>>> print(open('upload-v1.cif').read())   # mmCIF, C-alpha atoms and all ligand atoms; chains and numbers go by the auth columns
data_input
#
loop_
_atom_site.group_PDB
_atom_site.id
_atom_site.type_symbol
_atom_site.label_atom_id
_atom_site.label_comp_id
_atom_site.label_asym_id
_atom_site.label_seq_id
_atom_site.Cartn_x
_atom_site.Cartn_y
_atom_site.Cartn_z
_atom_site.B_iso_or_equiv
_atom_site.auth_seq_id
_atom_site.auth_asym_id
ATOM 1 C CA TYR A 1 127.057 86.093 45.165 0.00 1316 A
ATOM 2 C CA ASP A 2 127.909 82.658 46.666 0.00 1317 A
ATOM 3 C CA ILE A 3 124.745 81.629 48.621 0.00 1318 A
ATOM 4 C CA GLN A 4 126.694 78.950 50.557 0.00 1319 A
ATOM 5 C CA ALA A 5 129.798 80.993 51.566 0.00 1320 A
ATOM 6 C CA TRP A 6 128.361 82.016 54.952 0.00 1321 A
ATOM 7 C CA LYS A 7 128.901 78.526 56.395 0.00 1322 A
ATOM 8 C CA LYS A 8 132.718 78.398 56.207 0.00 1323 A
ATOM 9 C CA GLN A 9 132.770 82.119 57.181 0.00 1324 A
ATOM 10 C CA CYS A 10 130.795 81.207 60.327 0.00 1325 A
ATOM 11 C CA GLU A 11 133.083 78.215 61.037 0.00 1326 A
ATOM 12 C CA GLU A 12 136.132 80.505 60.910 0.00 1327 A
ATOM 13 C CA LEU A 13 134.447 83.131 63.095 0.00 1328 A
ATOM 14 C CA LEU A 14 133.554 80.398 65.651 0.00 1329 A
ATOM 15 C CA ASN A 15 137.239 79.287 65.593 0.00 1330 A
ATOM 16 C CA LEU A 16 138.295 82.884 66.398 0.00 1331 A
ATOM 17 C CA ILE A 17 135.706 83.054 69.204 0.00 1332 A
ATOM 18 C CA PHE A 18 137.009 79.776 70.723 0.00 1333 A
ATOM 19 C CA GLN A 19 140.627 81.206 70.695 0.00 1334 A
ATOM 20 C CA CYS A 20 139.394 84.331 72.521 0.00 1335 A
ATOM 21 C CA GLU A 21 139.804 84.113 76.318 0.00 1336 A
ATOM 22 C CA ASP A 22 136.508 86.025 76.695 0.00 1337 A
ATOM 23 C CA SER A 23 134.595 83.011 75.310 0.00 1338 A
ATOM 24 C CA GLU A 24 135.637 80.661 78.167 0.00 1339 A
ATOM 25 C CA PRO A 25 132.347 80.964 80.156 0.00 1340 A
ATOM 26 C CA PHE A 26 130.346 80.350 76.981 0.00 1341 A
ATOM 27 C CA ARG A 27 132.143 77.421 75.293 0.00 1342 A
ATOM 28 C CA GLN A 28 129.895 74.758 76.849 0.00 1343 A
ATOM 29 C CA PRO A 29 126.399 74.818 78.465 0.00 1344 A
ATOM 30 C CA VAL A 30 126.173 76.686 81.820 0.00 1345 A
ATOM 31 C CA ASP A 31 126.860 74.162 84.611 0.00 1346 A
ATOM 32 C CA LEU A 32 123.602 73.672 86.486 0.00 1347 A
ATOM 33 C CA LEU A 33 125.396 72.224 89.550 0.00 1348 A
ATOM 34 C CA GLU A 34 127.448 75.473 89.862 0.00 1349 A
ATOM 35 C CA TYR A 35 124.344 77.707 89.163 0.00 1350 A
ATOM 36 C CA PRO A 36 121.338 75.723 90.509 0.00 1351 A
ATOM 37 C CA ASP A 37 118.732 78.421 89.814 0.00 1352 A
ATOM 38 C CA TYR A 38 119.874 78.972 86.173 0.00 1353 A
ATOM 39 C CA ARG A 39 116.748 77.430 84.572 0.00 1354 A
ATOM 40 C CA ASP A 40 114.475 79.505 86.868 0.00 1355 A
ATOM 41 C CA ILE A 41 115.666 82.632 84.957 0.00 1356 A
ATOM 42 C CA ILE A 42 116.831 81.259 81.590 0.00 1357 A
ATOM 43 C CA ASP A 43 114.279 79.528 79.376 0.00 1358 A
ATOM 44 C CA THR A 44 116.583 78.596 76.491 0.00 1359 A
ATOM 45 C CA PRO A 45 120.206 77.825 77.314 0.00 1360 A
ATOM 46 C CA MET A 46 122.705 78.375 74.501 0.00 1361 A
ATOM 47 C CA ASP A 47 126.482 78.101 74.166 0.00 1362 A
ATOM 48 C CA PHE A 48 129.164 78.148 71.418 0.00 1363 A
ATOM 49 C CA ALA A 49 129.654 74.358 71.291 0.00 1364 A
ATOM 50 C CA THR A 50 125.912 73.966 70.628 0.00 1365 A
ATOM 51 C CA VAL A 51 126.122 76.625 67.881 0.00 1366 A
ATOM 52 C CA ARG A 52 129.151 74.916 66.267 0.00 1367 A
ATOM 53 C CA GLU A 53 127.448 71.486 66.462 0.00 1368 A
ATOM 54 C CA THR A 54 124.217 72.859 64.929 0.00 1369 A
ATOM 55 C CA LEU A 55 126.216 74.391 62.070 0.00 1370 A
ATOM 56 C CA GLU A 56 128.273 71.220 61.508 0.00 1371 A
ATOM 57 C CA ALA A 57 125.131 69.048 61.539 0.00 1372 A
ATOM 58 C CA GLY A 58 123.718 71.119 58.646 0.00 1373 A
ATOM 59 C CA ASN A 59 120.953 72.395 60.921 0.00 1374 A
ATOM 60 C CA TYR A 60 121.253 76.127 60.145 0.00 1375 A
ATOM 61 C CA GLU A 61 119.688 77.260 56.851 0.00 1376 A
ATOM 62 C CA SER A 62 121.117 80.804 57.017 0.00 1377 A
ATOM 63 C CA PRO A 63 123.638 82.916 58.958 0.00 1378 A
ATOM 64 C CA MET A 64 120.645 84.825 60.432 0.00 1379 A
ATOM 65 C CA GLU A 65 119.632 81.667 62.352 0.00 1380 A
ATOM 66 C CA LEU A 66 123.205 81.202 63.671 0.00 1381 A
ATOM 67 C CA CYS A 67 123.267 84.915 64.628 0.00 1382 A
ATOM 68 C CA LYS A 68 119.969 84.496 66.596 0.00 1383 A
ATOM 69 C CA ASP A 69 121.539 81.661 68.636 0.00 1384 A
ATOM 70 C CA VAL A 70 124.795 83.573 69.284 0.00 1385 A
ATOM 71 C CA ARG A 71 122.772 86.620 70.388 0.00 1386 A
ATOM 72 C CA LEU A 72 120.833 84.307 72.759 0.00 1387 A
ATOM 73 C CA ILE A 73 124.168 83.391 74.468 0.00 1388 A
ATOM 74 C CA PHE A 74 124.697 87.091 75.182 0.00 1389 A
ATOM 75 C CA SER A 75 121.099 87.845 76.231 0.00 1390 A
ATOM 76 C CA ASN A 76 121.154 84.850 78.615 0.00 1391 A
ATOM 77 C CA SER A 77 124.345 86.252 80.176 0.00 1392 A
ATOM 78 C CA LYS A 78 122.700 89.677 80.592 0.00 1393 A
ATOM 79 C CA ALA A 79 119.535 88.175 82.096 0.00 1394 A
ATOM 80 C CA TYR A 80 121.421 85.924 84.559 0.00 1395 A
ATOM 81 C CA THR A 81 123.984 88.483 85.733 0.00 1396 A
ATOM 82 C CA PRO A 82 123.401 89.808 89.261 0.00 1397 A
ATOM 83 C CA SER A 83 125.322 92.979 88.253 0.00 1398 A
ATOM 84 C CA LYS A 84 126.313 94.881 85.103 0.00 1399 A
ATOM 85 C CA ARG A 85 129.891 94.888 86.561 0.00 1400 A
ATOM 86 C CA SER A 86 130.093 91.059 86.946 0.00 1401 A
ATOM 87 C CA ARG A 87 133.083 89.269 85.377 0.00 1402 A
ATOM 88 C CA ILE A 88 131.183 86.830 83.120 0.00 1403 A
ATOM 89 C CA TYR A 89 128.752 89.488 81.849 0.00 1404 A
ATOM 90 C CA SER A 90 131.652 91.902 81.190 0.00 1405 A
ATOM 91 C CA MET A 91 133.358 89.184 79.095 0.00 1406 A
ATOM 92 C CA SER A 92 130.060 88.679 77.206 0.00 1407 A
ATOM 93 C CA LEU A 93 129.958 92.376 76.239 0.00 1408 A
ATOM 94 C CA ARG A 94 133.454 92.353 74.715 0.00 1409 A
ATOM 95 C CA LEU A 95 132.802 89.055 72.958 0.00 1410 A
ATOM 96 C CA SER A 96 129.477 90.382 71.631 0.00 1411 A
ATOM 97 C CA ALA A 97 131.216 93.473 70.191 0.00 1412 A
ATOM 98 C CA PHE A 98 133.795 91.216 68.497 0.00 1413 A
ATOM 99 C CA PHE A 99 131.078 88.911 67.122 0.00 1414 A
ATOM 100 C CA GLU A 100 128.903 91.783 65.808 0.00 1415 A
ATOM 101 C CA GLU A 101 131.947 93.395 64.157 0.00 1416 A
ATOM 102 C CA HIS A 102 132.709 90.172 62.258 0.00 1417 A
ATOM 103 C CA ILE A 103 129.188 88.836 61.477 0.00 1418 A
ATOM 104 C CA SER A 104 128.043 92.057 59.769 0.00 1419 A
ATOM 105 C CA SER A 105 129.753 91.275 56.412 0.00 1420 A
ATOM 106 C CA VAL A 106 128.672 87.608 56.577 0.00 1421 A
ATOM 107 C CA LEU A 107 125.007 88.670 56.861 0.00 1422 A
ATOM 108 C CA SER A 108 125.354 91.405 54.236 0.00 1423 A
ATOM 109 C CA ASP A 109 127.045 89.101 51.698 0.00 1424 A
ATOM 110 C CA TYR A 110 124.487 86.326 52.230 0.00 1425 A
ATOM 111 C CA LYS A 111 121.457 88.662 51.894 0.00 1426 A
ATOM 112 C CA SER A 112 123.007 90.236 48.776 0.00 1427 A
ATOM 113 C CA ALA A 113 123.701 86.787 47.263 0.00 1428 A
ATOM 114 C CA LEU A 114 120.115 85.698 47.913 0.00 1429 A
ATOM 115 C CA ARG A 115 118.749 88.900 46.329 0.00 1430 A
ATOM 116 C CA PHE A 116 120.949 88.233 43.270 0.00 1431 A
ATOM 117 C CA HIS A 117 119.689 84.640 43.095 0.00 1432 A
ATOM 118 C CA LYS A 118 116.068 85.828 43.099 0.00 1433 A
ATOM 119 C CA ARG A 119 116.645 88.840 40.726 0.00 1434 A
HETATM 120 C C1 LIG B . 133.240 75.625 79.652 0.00 1501 B
HETATM 121 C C2 LIG B . 132.490 76.322 80.714 0.00 1501 B
HETATM 122 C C3 LIG B . 131.143 76.477 81.006 0.00 1501 B
HETATM 123 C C4 LIG B . 131.147 77.315 82.184 0.00 1501 B
HETATM 124 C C5 LIG B . 129.961 77.926 82.838 0.00 1501 B
HETATM 125 O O1 LIG B . 129.248 77.322 83.646 0.00 1501 B
HETATM 126 N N1 LIG B . 129.823 79.252 82.446 0.00 1501 B
HETATM 127 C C6 LIG B . 128.866 80.187 82.819 0.00 1501 B
HETATM 128 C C7 LIG B . 128.206 81.158 81.993 0.00 1501 B
HETATM 129 N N2 LIG B . 127.409 81.948 82.765 0.00 1501 B
HETATM 130 N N3 LIG B . 127.562 81.488 84.035 0.00 1501 B
HETATM 131 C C8 LIG B . 126.876 82.090 85.182 0.00 1501 B
HETATM 132 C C9 LIG B . 128.437 80.420 84.111 0.00 1501 B
HETATM 133 N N4 LIG B . 132.429 77.589 82.529 0.00 1501 B
HETATM 134 O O2 LIG B . 133.237 77.000 81.653 0.00 1501 B
#
>>> encode(input="upload-v1.cif", output="structure tokens")
Amino acid sequence: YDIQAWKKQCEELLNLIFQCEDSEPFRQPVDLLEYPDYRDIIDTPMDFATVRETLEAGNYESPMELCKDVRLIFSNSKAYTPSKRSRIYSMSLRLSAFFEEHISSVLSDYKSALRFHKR
């Protein structure tokens, strides 16, 4: 029932994501010189360094907010892909499965801890 435990859990999950080769295209903002039309399709760019910096700045109140930003990395990849068989998008799908597998207990434990706090 530790209301604050999600933060270190998210830091460790981000460390695992950075060690994963599938995160390479998503570790820093999409390079607008390499993809000049990126902002014509994507309204809100997001990447794992921005997520880690937001967390470290104390700018996430809950793991649900971090999860919304991580999911935005994957939805941006899906929206920008010219094909469902593209390399970067295919890496996003595996990384998304890995993230969802690991974030599930972080969200469950936090929501349970908050319910206990407000019992
Ligand atoms: C670090 C880092 C950022 C990128 C980058 O532009 N990645 C990216 C994501 N989607 N598209 C179309 C490109 N590569 O390495």
>>> residues_near_ligand(input="upload-v1.cif", ligand="ligand LIG 1501 (chain B)", cutoff="6 Å", atoms="all atoms listed in the file", output="tab-separated table (two decimals) with C-alpha atoms, in the frame of the given file")
chain	number	residue	atom	x	y	z
A	1339	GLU	CA	135.64	80.66	78.17
A	1340	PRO	CA	132.35	80.96	80.16
A	1341	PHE	CA	130.35	80.35	76.98
A	1342	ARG	CA	132.14	77.42	75.29
A	1343	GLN	CA	129.90	74.76	76.85
A	1344	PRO	CA	126.40	74.82	78.46
A	1345	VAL	CA	126.17	76.69	81.82
A	1346	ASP	CA	126.86	74.16	84.61
A	1392	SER	CA	124.34	86.25	80.18
>>> atom_distance(input="upload-v1.cif", atom1="atom CA of residue A:1333", atom2="atom CA of residue A:1362")
11.2 Å
>>> resolve_selection(input="upload-v1.cif", expression="the PyMOL selection byres (((chain A and resi 1318) around 9) and not hetatm)", output="list in words")
residues 1316, 1317, 1319, 1320, 1321, 1424, 1425, 1426, 1427, 1428, 1429 and 1432 of chain A
>>> resolve_selection(input="upload-v1.cif", expression="the PyMOL selection byres (((chain A and resi 1357) around 10) and not hetatm)", output="ChimeraX atom specification")
/A:1352-1356,1358-1361,1390-1392,1394-1395
>>> axis_aligned_box(input="upload-v1.cif", around="stretch 1324-1338 of chain A", padding_each_side="4 Å", output="lines of an AutoDock Vina configuration file")
center_x = 135.7
center_y = 82.1
center_z = 66.9
size_x = 17.8
size_y = 15.8
size_z = 27.5
>>> closest_residue(input="upload-v1.cif", among="A:1335, A:1411, A:1381, A:1421", to="residue A:1369", atoms="all atoms listed in the file")
A:1381
>>> atom_distance(input="upload-v1.cif", atom1="atom CA of residue A:1331", atom2="atom CA of residue A:1403")
18.6 Å
>>> closest_residue(input="upload-v1.cif", among="A:1377, A:1365, A:1338, A:1398", to="residue A:1325", atoms="all atoms listed in the file")
A:1377
>>> build_atoms(input="upload-v1.cif", residues="stretch 1384-1408 of chain A", atoms="N, CA, C and O atoms", output="short mmCIF file (atom, residue, chain, number, x, y, z; two decimals), in the coordinates of the input")
data_model
loop_
_atom_site.label_atom_id
_atom_site.label_comp_id
_atom_site.auth_asym_id
_atom_site.auth_seq_id
_atom_site.Cartn_x
_atom_site.Cartn_y
_atom_site.Cartn_z
N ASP A 1384 121.03 82.49 67.53
CA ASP A 1384 121.54 81.66 68.64
C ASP A 1384 122.71 82.30 69.36
O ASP A 1384 122.78 82.21 70.58
N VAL A 1385 123.66 82.92 68.63
CA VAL A 1385 124.80 83.57 69.28
C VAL A 1385 124.30 84.74 70.14
O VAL A 1385 124.72 84.89 71.29
N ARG A 1386 123.32 85.51 69.63
CA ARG A 1386 122.77 86.62 70.39
C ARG A 1386 122.06 86.14 71.64
O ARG A 1386 122.10 86.83 72.66
N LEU A 1387 121.48 84.93 71.61
CA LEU A 1387 120.83 84.31 72.76
C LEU A 1387 121.86 83.99 73.84
O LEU A 1387 121.58 84.17 75.02
N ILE A 1388 123.10 83.61 73.46
CA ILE A 1388 124.17 83.39 74.47
C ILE A 1388 124.39 84.69 75.25
O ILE A 1388 124.44 84.67 76.48
N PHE A 1389 124.44 85.82 74.53
CA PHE A 1389 124.70 87.09 75.18
C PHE A 1389 123.50 87.57 75.98
O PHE A 1389 123.69 88.07 77.09
N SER A 1390 122.26 87.40 75.45
CA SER A 1390 121.10 87.84 76.23
C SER A 1390 120.90 87.00 77.47
O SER A 1390 120.54 87.54 78.52
N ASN A 1391 121.23 85.69 77.41
CA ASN A 1391 121.15 84.85 78.61
C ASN A 1391 122.14 85.35 79.67
O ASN A 1391 121.79 85.46 80.84
N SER A 1392 123.35 85.73 79.24
CA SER A 1392 124.34 86.25 80.18
C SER A 1392 123.86 87.54 80.85
O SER A 1392 123.99 87.70 82.06
N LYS A 1393 123.23 88.42 80.07
CA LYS A 1393 122.70 89.68 80.59
C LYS A 1393 121.55 89.44 81.55
O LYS A 1393 121.43 90.14 82.56
N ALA A 1394 120.69 88.46 81.24
CA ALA A 1394 119.54 88.18 82.10
C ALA A 1394 119.96 87.49 83.39
O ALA A 1394 119.33 87.70 84.42
N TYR A 1395 121.01 86.66 83.36
CA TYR A 1395 121.42 85.92 84.56
C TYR A 1395 122.36 86.71 85.46
O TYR A 1395 122.49 86.38 86.65
N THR A 1396 123.02 87.74 84.94
CA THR A 1396 123.98 88.48 85.73
C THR A 1396 123.33 89.19 86.92
O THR A 1396 122.29 89.84 86.78
N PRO A 1397 123.93 89.05 88.11
CA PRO A 1397 123.40 89.81 89.26
C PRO A 1397 123.80 91.29 89.19
O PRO A 1397 123.19 92.12 89.87
N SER A 1398 124.82 91.63 88.38
CA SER A 1398 125.32 92.98 88.25
C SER A 1398 125.84 93.25 86.85
O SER A 1398 126.39 92.35 86.20
N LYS A 1399 125.75 94.52 86.40
CA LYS A 1399 126.31 94.88 85.10
C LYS A 1399 127.86 94.95 85.15
O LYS A 1399 128.50 95.01 84.10
N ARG A 1400 128.46 94.89 86.35
CA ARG A 1400 129.89 94.89 86.56
C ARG A 1400 130.43 93.48 86.84
O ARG A 1400 131.58 93.38 87.26
N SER A 1401 129.63 92.42 86.69
CA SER A 1401 130.09 91.06 86.95
C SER A 1401 131.09 90.60 85.89
O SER A 1401 131.00 91.02 84.74
N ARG A 1402 132.03 89.73 86.27
CA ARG A 1402 133.08 89.27 85.38
C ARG A 1402 132.54 88.59 84.12
O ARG A 1402 132.91 88.97 82.99
N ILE A 1403 131.69 87.58 84.28
CA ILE A 1403 131.18 86.83 83.12
C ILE A 1403 130.40 87.72 82.17
O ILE A 1403 130.67 87.72 80.97
N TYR A 1404 129.52 88.58 82.70
CA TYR A 1404 128.75 89.49 81.85
C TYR A 1404 129.68 90.47 81.13
O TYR A 1404 129.47 90.75 79.95
N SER A 1405 130.71 90.98 81.82
CA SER A 1405 131.65 91.90 81.19
C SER A 1405 132.38 91.23 80.02
O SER A 1405 132.58 91.86 78.98
N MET A 1406 132.71 89.94 80.17
CA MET A 1406 133.36 89.18 79.10
C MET A 1406 132.38 89.02 77.92
O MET A 1406 132.77 89.13 76.76
N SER A 1407 131.08 88.81 78.23
CA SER A 1407 130.06 88.68 77.21
C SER A 1407 129.95 89.94 76.38
O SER A 1407 129.79 89.84 75.19
N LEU A 1408 130.09 91.13 77.01
CA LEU A 1408 129.96 92.38 76.24
C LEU A 1408 131.08 92.56 75.23
O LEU A 1408 130.83 92.98 74.11
#
